[PDB]
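K.L.:
Before we start, here is the structure in question, set down as structure tokens.
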Amino acid sequence: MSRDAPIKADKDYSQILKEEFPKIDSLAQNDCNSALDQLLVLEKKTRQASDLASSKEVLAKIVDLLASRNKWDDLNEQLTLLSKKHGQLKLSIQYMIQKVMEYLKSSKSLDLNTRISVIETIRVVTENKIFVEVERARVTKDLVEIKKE
Amino acid sequence: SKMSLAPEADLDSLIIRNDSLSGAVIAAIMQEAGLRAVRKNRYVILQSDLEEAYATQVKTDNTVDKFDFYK
Amino acid sequence: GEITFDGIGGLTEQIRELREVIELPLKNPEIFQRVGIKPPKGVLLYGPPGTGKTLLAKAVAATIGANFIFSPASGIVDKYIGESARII
Amino acid sequence: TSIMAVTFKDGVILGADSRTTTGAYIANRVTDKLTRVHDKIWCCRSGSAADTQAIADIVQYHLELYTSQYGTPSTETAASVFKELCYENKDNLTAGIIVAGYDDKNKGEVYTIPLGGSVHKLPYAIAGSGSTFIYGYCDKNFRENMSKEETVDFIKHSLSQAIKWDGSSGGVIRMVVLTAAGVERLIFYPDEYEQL
Amino acid sequence: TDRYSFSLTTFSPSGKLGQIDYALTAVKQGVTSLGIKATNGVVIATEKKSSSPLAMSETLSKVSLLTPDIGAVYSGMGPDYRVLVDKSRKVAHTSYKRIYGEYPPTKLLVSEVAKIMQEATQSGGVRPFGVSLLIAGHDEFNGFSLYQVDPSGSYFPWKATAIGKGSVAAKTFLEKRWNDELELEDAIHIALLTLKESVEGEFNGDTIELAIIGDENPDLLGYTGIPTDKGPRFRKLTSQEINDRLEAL
Amino acid sequence: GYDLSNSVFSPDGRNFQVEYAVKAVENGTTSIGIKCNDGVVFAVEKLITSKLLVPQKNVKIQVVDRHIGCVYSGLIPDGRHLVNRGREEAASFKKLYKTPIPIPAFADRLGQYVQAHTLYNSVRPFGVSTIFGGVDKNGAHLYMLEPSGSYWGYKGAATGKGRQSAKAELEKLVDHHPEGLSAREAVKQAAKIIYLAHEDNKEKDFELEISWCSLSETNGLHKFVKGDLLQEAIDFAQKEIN
Amino acid sequence: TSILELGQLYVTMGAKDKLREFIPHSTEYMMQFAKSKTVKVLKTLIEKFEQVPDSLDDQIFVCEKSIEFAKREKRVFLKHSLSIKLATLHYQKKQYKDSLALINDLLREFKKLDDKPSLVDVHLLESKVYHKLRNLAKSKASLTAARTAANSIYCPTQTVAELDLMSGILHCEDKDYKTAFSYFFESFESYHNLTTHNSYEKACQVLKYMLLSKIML
Amino acid sequence: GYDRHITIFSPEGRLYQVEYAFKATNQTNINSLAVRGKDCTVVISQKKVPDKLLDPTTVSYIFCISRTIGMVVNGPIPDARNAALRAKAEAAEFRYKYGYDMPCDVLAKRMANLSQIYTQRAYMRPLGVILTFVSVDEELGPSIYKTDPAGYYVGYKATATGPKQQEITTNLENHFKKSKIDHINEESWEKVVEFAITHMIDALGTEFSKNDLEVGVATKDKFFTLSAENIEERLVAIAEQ
Amino acid sequence: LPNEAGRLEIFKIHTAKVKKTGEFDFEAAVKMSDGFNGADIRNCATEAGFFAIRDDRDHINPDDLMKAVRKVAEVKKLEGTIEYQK
Ligand SMILES: Nc1ncnc2c1ncn2[C@@H]1O[C@H](COP(=O)(O)OP(=O)(O)OP(=O)(O)O)[C@@H](O)[C@H]1O
Ligand SMILES: [Mg+2]
């Protein structure tokens, strides 16, 4: 509010840990939870623009969780925790929700995984309609094709 | 009767809140509640739509119960 | 004196509020059939001069592209009582 | 009556007796001299009982409003109110007040206010009628910044000597400890210190 | 300076004091209240109304104790009753319990409170309290008596009366229902019934405040062992008790 | 209607007379107050309306107790009368509690008084804004007191004509220092925004007066910045707007 | 205590020959007291007797006897309350001549004594009597009077329900099932939400009349 | 006809002057919401931080009258400080002359009587603040009494103040319909804060920061305020529910 | 009347209606030279083209503009615009 130090600081750190992104990514294989905590701090800031810039770092990292066929259970939990907390206003998470769906398509993940993750995405965006709507109809359309079979 | 509603909206706990109302201004409250429903993209009148509308265009007078200590 | 959809800055919140009454029943009166209310008619604009109450009118004439009129202030006031009624 | 306060490393400990003589008849012997005029500034009464009690109510009233509008009082700030009320009534009221409190800035502090209305900062103060007898013992065995346990025993030993030599002092020895640890009442029965 | 010492009450040119007419209007914007005097008690009743439904009406008092055997109830403005009842209590104690060492007669107290009103129409920086009070009581010298205090600063004794905005309706109801001899029990049933026609709220004992100055109670006196001394003649009825009487109409 | 006094009140929830009195302050000289980490640096424009005047001899800066500077704008007599009242109040506090009066405490007492004259019709509302603050044991403080009788804590404040230039650059100052600046630094920054606020007073010419109360320069006492150091700031500010 | 618990005896109980016999002599036990708190019980006493059926003659006969003692030394309020009960008893017993005669007699005197919300009831009885005599001209006229009188705010939920009930039934005979249907909804809710003690039965009747309206339409 | 200029009655039976006092409390735009807990009474209120040059910690609307009684004030800040000072003065007076801390019920009534006297003077204008007093007494339990510029007060299960306070009243009322008791049962004071914030968020349709709120909590025999870090923890917990 | 930062939203659209060497330093100055209405934002633009004409420029420089917003504000102190709306 009366201080502008948080705006400056989130940009500095996002820069630093986007050049430490390869170091983090290698640690991610050793402990994905250790790697993830570096980035979480950035999004606990109050600057929605610099939270958006650093949500890009997360989306990149969570390819590894997605690719695996047991780590995406924690991805579903993270989405739920981030949206409820503050939303990092409501801009940052819109781009996050969007970018998980594209990943599921290129990975070729099983019908069962595709179902449950997308089921968690629609449970959460249910009462929301701040811009989730746009994504939300395509997201359900993915379930539909599976449910025809 | 004219409009649709959800059964969460009350009509009858709105009689006491303002007494100096004309009927055209009760036609105003309800017509504005169908505007507020449309900013949601809802086609049934909620009590969020109806009480938000009720509060405005009903101004504040020297007769109303908004200021009351005369009881 | 026509201008873009967003041609008064900051009073953008008032443009959105204006189109609820005007443009949403204009294209489809039918979404209000479900609702069941009297069709939204009538708008009053008031402010301290210089905020583009009229500049907005030129924007909502241009953007919608519907038939537009417009009235001079006092040039639709005649010298005959009830002839100035007939015109309007 | 015997009252004192002594500073110590972590705060200030207060010591008093509970005997109050009118004549040779002790009006009450369980009567607490340790007075709350603020949550962390307490005071000790001596002299004519009414006059000290009257002022202490007036100071509690004035420090309540002080805390709610102007920030908290320090031990100093409290002592001055006592001083200035005694100063207008130095011909009519006689009061002995020892004012002790723990601030967290300057730590535990002792101000004493004689019968005329003056304030003096001291590391220890003694007042009353029984504390004139223990003056030399107090200055000699007083150590600055002792332990909490050593301060408690220190005041116990001085006031046992006060009770030995004063008939107006007696009853139990009451203590209030003002610290960061809180406000801890202690009480000492006469068998415990007639030995100590 | 502060040159307000000139009265804010002034005669009107067709007679009558304009300021107290204005205050009498304030009585008819207020709640309704009534008093029926029985021959073995008095019942007084009023309606409770709230500024919010989140406001408690179990902490709302519009019937107040002046002395133990004497109660008051108002119609008009809340604020104007609130200070003035305190002044009624005050003058009973300064001038008859510090001089005559006992609780004042009902006649006497009513007169003293009209003096307080009278100096609120005199001088600047004051204006009359815009309430009428019913002062029901019992004294040991004039029996039961029921009074109405005017914002004029006049009083009249009554046998049954009403005040408030629904006063005219209430006293016409009471016209047929009053008899030379009454029971206190019948008095209560009439009181709630009369006030049913003048209350637009609920008619439960939650929202109807009922109090009797009926027979005295020596178990509310707070001590026992002087038979000679008598306890409160007043008894406020709590909400459940008022409901029992609603079924007994 | 609804300005005939101040026991009139409007259906607008405004008092008109009191809003009108803020316009007297808008006709005053520019005055600023910068809240620093370790103190406050006040500065006030003193117009040279004639070469007849005697420079740095007409103070708008009157000290209260020893550590509270008070400087104002608007109607100069009314503000000097306000500060006379508060010097009596400062003395009473020192009497009773044997300590200098704190900054929050001094503010409260002034605020009741100015608040009282906007209720009485026997005493005329104020037409001053005062900027006052200092250093006591509870920190540095800065307060701006409206003629309506409102105050707040401030990281920067201004009043007068040329508050338009001053206020903006204090948003950049917080943005320079979101953890404030040194008392030393604020000498040259209080001077600098009187010289930028001399563009709402560029009809005339002016004399800079500067005063401070800070822990690290004067020891939490209010003193005047005088001599070579006042002149060093004037040389700094002078270059910025050129 | 003594008269209150004796009516508990009476209410228990079943329709019995002893119960019948007991009640016109229970007004003798009522007068024995000489107390003025008879008023409160005497209404409930009669109310209990009505509730289970106890033979044509006896329920009218008892109620008639009470009315005599409700003007002997008692209030006009008590008397008039019992007249409202007497009039309803005659209607059920299917005397419309004895019902109408009484009704005309009541209502006119209490316009000198008008302060009464109890004539609202008398209007609604009057409508029912005319309806079953099969004149709708003056059933409508009294029903209109009853609506006007209840516009003033003192009326119980029961009282508003009764007004809705007759209004609906009148309009069906006028061959308009739109306006009848509107009253049967609000009448229905009154009985549905008023706790069942005789209300279960009327709620059933009103539901059928709601449904009837939509068949015609 | 001056019945709008001085404090005399009109032929409407109303003092217009007095009504205008209520129309000033909606102009500063401070909303408050107050609920009674099971061991606490919690009041959360807006803090308007308009500029970067206001220090938000000194921006106040919560004045601590006594040791146990906070007061939240809705309406102009000059009148707020005058009222806070008066309320404090009388409470200290009461402790001094009767030998115990002033109850909340009686404090509401004392300020109500002086506000009525300020509508009885024609040279002293009433203070245009609506005052809410929150406490936990040990003689009345958790309590709320709200006084107004007329001199009227009443007890409250819960209360709200401000321009949009009608919206708040609805939410609270529903909450007490379900419980069917006049206070929230929850033994942690922290979760009563969380409930209070939920009802405010529903009413105003706005999510809050730590410096958009200022919170006071009266627990048993102490009144304190939450600092800005502590408020953020409560707003984090809204999501956890 | 345009809000503190409703003036700012007009400042970004009317500066693309002029030429500049580059000006994106509105935010503080316009906020604190408040008093304007929406028509007075475009008179600050025209007045920055009068300070330009003195210097002999065909651009709006922020050196031109921030003397403009100071001057447009001062002439508007001439009379209030005090209105009380429902
Ligand atoms: N909001 C604005 N943004 C940009 N230009 C504006 C704005 N308002 C006014 N102007 C400029 O001023 C001209 C005239 O103003 P306009 O007639 O639009 O104002 P108005 O608010 O409707 O005033 P009034 O209430 O006196 O009719 C516009 O055509 C435009 O050039
Ligand atoms: Mg125009």
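K.L.:
Please go through region G:52-65 and give me each residue that is under 16 Å from the mean Cα position of the chain (by Cα) and not aliphatic (A, V, I, L, M), ordered by number.
P.N.:
If the condition is that a residue be under 16 Å from the mean Cα position of the chain (by Cα) and not aliphatic (A, V, I, L, M), then G:53, G:59, G:63, G:64 are the ones that fit.
K.L.:
Restricting attention to region E:83-119, report how many residues are crowded, with 21+ Cβ neighbours inside 10 Å and within 14 Å of chain H (Cβ to nearest Cβ).
P.N.:
Selection size over region E:83-119: 4.
K.L.:
Provide a single number: the residues in region I:29-43 that are without any contact (Cβ under 8 Å) to a residue 24 or more places away in the chain and touching a helix residue (DSSP H, G or I) at 6+ places or on another chain (Cβ under 7 Å).
P.N.:
Quick first cut of region I:29-43, residues without any contact (Cβ under 8 Å) to a residue 24 or more places away in the chain only: I:32, I:39.
In the following step, the residues that additionally are touching a helix residue (DSSP H, G or I) at 6+ places or on another chain (Cβ under 7 Å) were identified as I:32.
Number satisfying all stated conditions: 1.
K.L.:
Just wondering, is there one or more residues in region C:57-67 that are more than 14 Å from chain I (Cβ to nearest Cβ), in contact (Cβ under 8 Å) with a residue 40 or more places away in the chain, surrounded by 12 or more Cβ atoms within 10 Å (Cβ to Cβ) and of a type in the set (S, T, N, Q)?
P.N.:
Yes - at least one qualifying residue is present in region C:57-67.
K.L.:
Of the conditions (1) in a loop (DSSP other than H, G, I, E, B); (2) without any contact (Cβ under 8 Å) to a residue 12 or more places away in the chain; (3) more than 16 Å from ligand 2 (Cβ to nearest atom); (4) within 14 Å of another protein chain (Cβ to nearest Cβ), residue C:17 clears all except one; give me its number.
P.N.:
The number of the failed condition is (1).
K.L.:
Let me ask something else. Quick one: is residue C:56 farther than 16 Å from residue B:34 by Cβ, part of a helix (DSSP H, G or I) and within 12 Å of ligand 1 (Cβ to nearest atom)? Explain how you work it out, then say what you get.
P.N.:
Working: farther than 16 Å from residue B:34 by Cβ: yes; part of a helix (DSSP H, G or I): yes; within 12 Å of ligand 1 (Cβ to nearest atom): yes.
Taking the combined requirement at face value, the residue satisfies it.
K.L.:
Quick check on residue B:4: is it out of contact with any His (no Cβ under 6 Å at 6 or more places or on another chain) and within 14 Å of chain C (Cβ to nearest Cβ)? First the steps, then the outcome.
P.N.:
Values: out of contact with any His (no Cβ under 6 Å at 6 or more places or on another chain): yes; within 14 Å of chain C (Cβ to nearest Cβ): yes.
Taking the combined requirement at face value, the residue satisfies it.
K.L.:
Continuing with the same structure: List every residue pair whose Cβ atoms lie under 6 Å apart, where the two residues are 6 or more positions apart in sequence or sit on different chains, the first residue falls within region C:32-55 and is at the interface with another protein chain (Cβ under 9 Å from one of its Cβ atoms) and without any contact (Cβ under 8 Å) to a residue 40 or more places away in the chain, and the second residue, located anywhere, is of a type in the set (A, V, I, L, M) and in a loop (DSSP other than H, G, I, E, B).
P.N.:
Close Cβ pairs (under 6 Å, with a partner that is of a type in the set (A, V, I, L, M) and in a loop (DSSP other than H, G, I, E, B)) amount to C:36/B:3; C:37/B:3; C:48/I:1.
K.L.:
Scan H:115, H:143 and give me the residue that is touching a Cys at 6+ places or on another chain (Cβ under 6 Å), in contact (Cβ under 8 Å) with a residue 12 or more places away in the chain and either buried (at least 24 other Cβ atoms within 10 Å of the Cβ) or at the interface with chain E (Cβ under 10 Å from one of its Cβ atoms) (or both). Spell out how you get there, then give the answer.
P.N.:
Numbers: H:115 fails: touching a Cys at 6+ places or on another chain (Cβ under 6 Å).
When all the criteria are applied, what remains is H:143.
K.L.:
Here is a follow-up. Checking the conditions here, which among C:9, C:1 is away from ligand 2 (no atom under 16 Å from the Cβ), under 26 Å from residue I:35 (Cβ atoms) and touching a helix residue (DSSP H, G or I) at 6+ places or on another chain (Cβ under 6 Å)? Outline the logic, then answer.
P.N.:
Working: C:1 fails: away from ligand 2 (no atom under 16 Å from the Cβ).
Going through C:9, C:1 in turn, just one is away from ligand 2 (no atom under 16 Å from the Cβ), under 26 Å from residue I:35 (Cβ atoms) and touching a helix residue (DSSP H, G or I) at 6+ places or on another chain (Cβ under 6 Å): C:9.
K.L.:
Could you check region F:147-242 for helices (runs of 4 or more DSSP H) lying wholly inside it with 3 or more residues that are more than 18 Å from the chain's Cα centre (by Cα)?
P.N.:
Working: elements: F:163-176, F:185-196, F:227-241.
Counting at least 3 such residues, we get F:163-176, F:227-241.
K.L.:
Inside region C:20-53, can you point out the residues that are part of a loop (DSSP other than H, G, I, E, B), within 15 Å of ligand 2 (Cβ to nearest atom) and not hydrophobic (A, V, I, L, M, F, W, C)?
P.N.:
Answer for region C:20-53, where residues must be part of a loop (DSSP other than H, G, I, E, B), within 15 Å of ligand 2 (Cβ to nearest atom) and not hydrophobic (A, V, I, L, M, F, W, C): C:46, C:47, C:48, C:49, C:50, C:51, C:52.
K.L.:
So, restricting to helices (runs of 4 or more DSSP H) that lie completely within chain I, which ones have at least 3 residues that are more than 27 Å from residue F:27 (Cα to Cα)? First the steps, then the outcome.
P.N.:
Details: elements: I:6-13, I:27-31, I:38-55, I:62-75.
The helices (runs of 4 or more DSSP H) meeting that bar are I:6-13, I:38-55.
K.L.:
Being touching a residue at least 40 places away in the same chain (Cβ under 8 Å), among the small types (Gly, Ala, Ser) and closer than 30 Å to residue H:126 by Cβ: is that true of residue F:148 here? Before you say what the answer is, go through the steps one by one.
P.N.:
On the way: touching a residue at least 40 places away in the same chain (Cβ under 8 Å): yes; among the small types (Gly, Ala, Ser): yes; closer than 30 Å to residue H:126 by Cβ: yes.
Yes; evaluated as a whole, the condition is true for this residue.
K.L.:
Take region B:51-71 and flag every residue that is away from chain H (no Cβ under 11 Å) and buried (at least 19 other Cβ atoms within 10 Å of the Cβ).
P.N.:
Correct list: B:53 only.
K.L.:
Residue F:168: in contact with a helix residue (DSSP H, G or I) (Cβ under 8 Å, 6 or more places away or on another chain), among the hydrophobic types (A, V, I, L, M, F, W, C) and without any contact (Cβ under 8 Å) to a residue 24 or more places away in the chain, yes or no? Give the derivation first.
P.N.:
On the way: in contact with a helix residue (DSSP H, G or I) (Cβ under 8 Å, 6 or more places away or on another chain): yes; among the hydrophobic types (A, V, I, L, M, F, W, C): yes; without any contact (Cβ under 8 Å) to a residue 24 or more places away in the chain: yes.
In short, yes.
K.L.:
Are there any strands (runs of 3 or more DSSP E) wholly within region D:71-128 with 1 or more residues that are in contact (Cβ under 8 Å) with a residue 60 or more places away in the chain and surrounded by 18 or more Cβ atoms within 10 Å (Cβ to Cβ), and if so which? Quick ask: steps written out before the conclusion?
P.N.:
Working: elements: D:95-102, D:108-113, D:120-122, D:124-128.
In region D:71-128, D:95-102, D:108-113, D:124-128 are the strands (runs of 3 or more DSSP E) which contain 1 or more residues that are in contact (Cβ under 8 Å) with a residue 60 or more places away in the chain and surrounded by 18 or more Cβ atoms within 10 Å (Cβ to Cβ).
K.L.:
Pick from region H:175-205 the residues that are away from every other protein chain (no Cβ under 13 Å) and not in a helix (DSSP H, G or I): which of them is surrounded by the fewest Cβ atoms within 10 Å (Cβ to Cβ)?
P.N.:
Within region H:175-205, the match that is surrounded by the fewest Cβ atoms within 10 Å (Cβ to Cβ) is H:180.
K.L.:
Go through (1) of a type in the set (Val, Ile, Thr); (2) over 20 Å from residue I:7 (Cα atoms); (3) surrounded by 15 or more Cβ atoms within 10 Å (Cβ to Cβ); (4) within 16 Å of ligand 1 (Cβ to nearest atom) for residue C:43 and report which single condition fails.
P.N.:
(3)
K.L.:
Within region G:110-140, track down each residue that is within 17 Å of residue G:154 (Cβ to Cβ), buried (at least 17 other Cβ atoms within 10 Å of the Cβ) and aliphatic (A, V, I, L, M).
P.N.:
G:119, G:120, G:122, G:124 - these are the residues of region G:110-140 that are within 17 Å of residue G:154 (Cβ to Cβ), buried (at least 17 other Cβ atoms within 10 Å of the Cβ) and aliphatic (A, V, I, L, M).
K.L.:
Quick one: how many residues across region I:21-46 are more than 16 Å from ligand 2 (Cβ to nearest atom) and either farther than 21 Å from residue F:199 by Cβ or within 14 Å of chain C (Cβ to nearest Cβ) (or both)? First the steps, then the outcome.
P.N.:
Applying the first criterion (more than 16 Å from ligand 2 (Cβ to nearest atom)) to region I:21-46 yields I:21-36, I:44-46.
Of the ones still in play, those that are also either farther than 21 Å from residue F:199 by Cβ or within 14 Å of chain C (Cβ to nearest Cβ) (or both) are I:21-22, I:24, I:26-27, I:30-31, I:34-36, I:44-45.
Final tally of qualifying residues: 12.
K.L.:
Would you say residue C:22 is within 17 Å of the chain's Cα centre (by Cα) and away from ligand 1 (no atom under 16 Å from the Cβ)? It would help to see each step written out before you state the result.
P.N.:
On the way: within 17 Å of the chain's Cα centre (by Cα): yes; away from ligand 1 (no atom under 16 Å from the Cβ): yes.
Judged against the criteria, residue C:22 is a match.
K.L.:
I'd like to verify a number: residues in region G:147-190 that are aromatic (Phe, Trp, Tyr) and either in contact with a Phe, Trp or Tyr (Cβ under 7 Å, 6 or more places away or on another chain) or closer than 27 Å to residue E:170 by Cβ (or both), how many? Show your work before the answer.
P.N.:
Initial filter on region G:147-190 (aromatic (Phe, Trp, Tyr)): G:154, G:177, G:181, G:183-185, G:188.
Restricting the remaining residues to those that are either in contact with a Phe, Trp or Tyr (Cβ under 7 Å, 6 or more places away or on another chain) or closer than 27 Å to residue E:170 by Cβ (or both) gives G:154, G:184.
Looking only at that region, the number is 2.
K.L.:
Pairs under 7 Å by beta carbon, first residue surrounded by fewer than 19 Cβ atoms within 10 Å (Cβ to Cβ) in region G:24-43, partner among the charged types (D, E, K, R), six or more apart or different chains?
P.N.:
G:24/G:65; G:36/E:183; G:36/E:186; G:37/E:183; G:37/E:185
K.L.:
Specify the residue that is nearest to the other protein chains (Cβ to nearest Cβ); the eligible residues are those in region F:125-146 that are assigned to a loop (DSSP other than H, G, I, E, B) and touching a helix residue (DSSP H, G or I) at 6+ places or on another chain (Cβ under 9 Å). Even if it seems obvious, please write down each step before you answer.
P.N.:
To start, the set of residues in region F:125-146 that are assigned to a loop (DSSP other than H, G, I, E, B) comprises F:125-127, F:137-138, F:146.
This time we only want the ones that are touching a helix residue (DSSP H, G or I) at 6+ places or on another chain (Cβ under 9 Å), so: F:125-127, F:138, F:146.
Working: F:125: 11, F:126: 11, F:127: 15, F:138: 6, F:146: 8 Å.
Only one residue fits best here, namely F:138.
K.L.:
Taking residue I:18 as the residue in question, decide whether it is within 14 Å of another protein chain (Cβ to nearest Cβ), within 16 Å of ligand 1 (Cβ to nearest atom) and of a type in the set (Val, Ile, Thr). Break it down stepwise before answering.
P.N.:
Working: within 14 Å of another protein chain (Cβ to nearest Cβ): no; within 16 Å of ligand 1 (Cβ to nearest atom): yes; of a type in the set (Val, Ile, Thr): yes.
In short, no.
K.L.:
How many residues does region F:150-164 contain that are more than 7 Å from every other protein chain (Cβ to nearest Cβ) and aromatic (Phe, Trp, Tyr)?
P.N.:
Total satisfying the criteria: 1.
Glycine gets a Cβ as well: all are built from the backbone with ideal geometry, and neighbour counts include every protein chain shown. Any read-out appearing in this document is the output of simple, stated calculations on the displayed coordinates, not a laboratory observation.
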